[PDB]
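Visitor:
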Amino acid sequence: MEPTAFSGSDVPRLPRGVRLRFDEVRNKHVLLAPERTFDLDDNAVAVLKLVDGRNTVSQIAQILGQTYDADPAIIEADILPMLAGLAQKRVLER
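With my numbering applied, the sequence shown covers 1245 to 1338.
#1: Please name the residue or residues paired with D1283 in a DSSP beta bridge.
#2: State the Cα-Cα distance for the pair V1262 and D1313, rounded to the nearest angstrom.
#3: To the nearest angstrom, how far is the alpha carbon of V1335 from that of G1297?
#4: By the 10 Å Cβ neighbour count, where 16 or more other Cβ atoms means buried, how is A1288 classified, buried or exposed?
#5: For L1292, does the three-state DSSP call read helix, strand or coil?
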């Protein structure tokens, strides 16, 4: 009754029956949800695709942060709230 609470130690992981897909026509990544599909940015799916299994947002922020050369604090703070939004769609679970 309160899935909107992803902390730094909270590691994201895609649930079974879900796969990532890249739309060349739209040039953006989307999440295949049992219901249908949701429009998402490559950056939001990048971390989900870059992670082999369960990684800490802070850790990803470092690697991803160096890619765009930006303060990791912003990067982690960007995806962090995204996890809560995804949970509402029933496609993410700690």
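All C-beta atoms, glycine included, are put in the ideal place defined by N, C-alpha and C.
Guide: Looking at the coordinates:
#1: Mapped onto the sequence shown, residue 1283 falls at position 39. DSSP lists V1274 as partners of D1283.
#2: For the purposes of this step, residue 1262 is taken as the residue at position 18 of the sequence shown. For the purposes of this step, residue 1313 is taken as the residue at position 69 of the sequence shown. One C-alpha to the other measures close to 31 angstroms.
#3: Walking along the sequence shown from the start, residue 1335 turns up at place 91. Walking along the sequence shown from the start, residue 1297 turns up at place 53. Cα to Cα, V1335 sits roughly 15 angstroms from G1297.
#4: Along the sequence shown, one-based indexing puts residue 1288 at 44. By the 10 Å Cβ count, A1288 comes out buried.
#5: To locate residue 1292, count along the sequence shown from 1; it is residue 48. If DSSP states are grouped into helix, strand and coil, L1292 belongs with the helices.
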